[PDB]
Each structure stands twice: as C-alpha cells, then as structure tokens.
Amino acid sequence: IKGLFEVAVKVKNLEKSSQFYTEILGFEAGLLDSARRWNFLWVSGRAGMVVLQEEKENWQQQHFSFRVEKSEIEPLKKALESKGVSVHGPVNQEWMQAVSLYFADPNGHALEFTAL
C-alpha cells in the first residue's frame, strides 16, 4: 500500500463545491455524473482524487489533508487568503516533524495542507 489516493466528500451543493475544489484548490476535471450528483476530481495529475457527492441532509464534518512541500506553506496560506479563504496556522506538529495549515471548504469540512 503506497499511500492515500481518494476521499469521498459529502457536499451541500455540487456546483458550489465543484467551483471551490477546481478554482480555489486547482483540482482538475475528471468525471461529472450529474445523475448521481457526483464529481470525481483529480489531484496533482493522477496522484489523488476527491469524489464530491451531493447530500442535502444529515451534515457531518469530515477531515482530510493534502500533501504540500514545507517551503510552500506560506505561499499556499497567502493564496487561499487572497481567494477569500480564512487560514489557520502554520501549526507545527513536532511529534511528526510536520507543519499544517487548516481551512474550511464551503461545507465547513476541516481541510488541511500537511508538509512533512
């Protein structure tokens, strides 16, 4: 097993969340299934994938993180902030020799950039 590849993310609004993940996070189009209301988006070419799945009821917070380089922590924080996203951190994770940034998607999920 080589790492984490994909996560399914429950979203309140497929279009608004697709806009966030593609325009703000820069993920690339994959497969938009307007029938099931799912959108499969690619992370870093073919390195990862998020599957946005529309669900209008029963909200529950999710947490997941994306890998970034330590040297890119401040640029990424600034880029998110410029696009209107509030960013917490950097937070040092001494026990794992890591640095994290924390921010929300449009659904209030707890997203993170982690540098190792």
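From 1 onward, residues are counted along the sequence shown.
Between the stretches 32-40 and 59-67, it is 32-40 that shows the larger average CA temperature factor.
Look at the mean CA B-factor for 6-14 and for 95-103 in the entry; the higher one is 95-103. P75: CA B factor lies in the middle third for its chain, per the PDB record. When all modelled residues of the chain are sorted by CA temperature factor, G84 is found within the highest third. When the modelled residues of the chain are ordered by C-alpha B-factor, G48 sits in the lowest third. Sorting the modelled residues of the chain by their CA temperature factor places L116 in the highest third.
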